[PDB]
Amino acid sequence: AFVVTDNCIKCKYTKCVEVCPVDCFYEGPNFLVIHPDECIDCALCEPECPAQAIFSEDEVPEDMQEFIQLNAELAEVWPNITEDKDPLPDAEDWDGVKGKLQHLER
Ligand code: SF4
Ligand code: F3S
């Protein structure tokens, strides 16, 4: 599975969903997650993320290991997103700010 981590929050560019062959991204108000059972690890999304927030599970940074379980949990409750849309209004002000998990919205 590929995993969306911290830098997506408050950015949510949605470029990643274009390239997904199996449509396994699920949408939250200010963040996206990958459903781990559905992802086929084709890795096509992680060049596309402008926030460089997507990682192969086995490459998730040590300080971001919570995101693996979080993607699994939230994928079950959020709606499937299959079309990209516009980025959040202020996405590049937040691009690269650290510690954005305290701002996640369910
Ligand atoms: S690795 Fe491939 S299948 Fe998994 S989320 Fe990214 S684009 Fe979709
Ligand atoms: S910012 Fe988030 S919405 Fe997709 S394009 Fe990067 S993982």
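Residues numbered from 1 in each chain as written, not as in the entry; some residues may be left out. Chains lettered and ligands numbered in written order. Heavy atoms only, no water.

For this coordinate set, the PDB header names X-ray crystallography as the determination method and states a resolution of 2.10 Å.

A. Fine view of the site of ligand 1. Around ligand 1 sit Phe2, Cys20, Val22, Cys24, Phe25, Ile34, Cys39, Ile40, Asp41, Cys42, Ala43 and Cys45, and that is every residue in its neighbourhood. Looking at the shell around ligand 1 residue by residue, the class counts come to 11 nonpolar, no polar and 1 charged. (Near = heavy atom within 4 Å. Nonpolar A, V, L, I, M, F, W, Y, C, P; charged D, E, K, R; others polar.)

B. The arrangement of the UniProt feature "binding site: [3Fe-4S] cluster" in the protein in detail. UniProt annotation of "binding site: [3Fe-4S] cluster" refers to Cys8, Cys16 and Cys49 when read in the numbering used here. Their sequence span is 42 residues, while the largest C-alpha to C-alpha distance among them is just 10.8 Å; these annotated residues converge on one region. Its place among the elements puts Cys16 in helix α1 (residues 16-19). Look at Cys16 and you get buried, because its relative accessible area is 9%. Setting aside residues up to four positions removed in sequence, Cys16 forms contacts with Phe25, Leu32, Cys45, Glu48 and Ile54. (UniProt positions renumbered as here; feature names shortened; annotations may be inferred. Helix = DSSP H or I, 4+ residues; strand = E, 2+ residues; numbered from the N terminus. Buried < 20%, exposed > 50% of the residue type's maximum accessible area, 1.4 Å probe, protein only. Contact = heavy atoms within 4.5 Å.)

C. Highlighting the UniProt feature "binding site: [4Fe-4S] cluster" in the protein. Using the residue numbers shown here, the UniProt feature "binding site: [4Fe-4S] cluster" corresponds to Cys20, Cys39, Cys42 and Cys45. Despite a sequence span of 26 residues, these residues sit close together in the fold, their greatest C-alpha distance being 10.7 Å. With near-sequence residues (within four places) excluded, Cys39 lies in contact with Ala1, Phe2, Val22, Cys24 and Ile34. Inspection of the secondary structure puts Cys45 in the loop between β3 (32-34) and β4 (54-56). When near neighbours in sequence (up to four residues on either side) are disregarded, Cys45 contacts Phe2, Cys16, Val19, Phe25, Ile34 and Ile54.

D. Layout of the packing of aromatic side chains. Scanning all chains against the criterion turns up 2 aromatic pairs. Ring geometry for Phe31 against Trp78: centres 6.2 Å apart, planes inclined by 75°, an arrangement best described as edge-to-face. Taken as a pair, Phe31 in the loop between β2 (25-27) and β3 and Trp78 in the loop between α2 (66-75) and α3 (91-94) lie far apart in primary sequence, 47 residues in all. Taken together through their ring pairs, the aromatic side chains of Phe31, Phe67 and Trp78 make up a single cluster. (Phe/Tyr/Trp six-rings, centres within 6.5 Å; stacked < 30°, edge-to-face > 60°.)

E. Layout of the environment of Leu74. If you trace the backbone, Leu74 turns up in helix α2. In this structure, the C-alpha to C-alpha distance between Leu74 and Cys42, residues 32 residues apart in sequence, is 21 Å. When residues no more than four places from it in sequence are discounted, the contact partners of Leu74 are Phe31, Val33, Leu104 and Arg106.

F. A look at the pattern of salt bridges. One pass over the structure, following the stated rule, counts 2 salt bridges. One salt bridge in this structure joins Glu27 and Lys85, with 2.7 Å as the shortest N-O distance. Residue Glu27 is found in strand β2, and its partner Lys85 is found in the loop between α2 and α3; the two are separated by 58 residues along the sequence. The class of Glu27 is buried, set by a relative accessible area of 16%. Its relative accessible area of 39% is what places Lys85 among the partly exposed residues. Salt bridges sharing partners connect three or more residues here, namely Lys12, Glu27 and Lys85. (Salt bridge = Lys/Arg side-chain N within 4 Å of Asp/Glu carboxyl O.)

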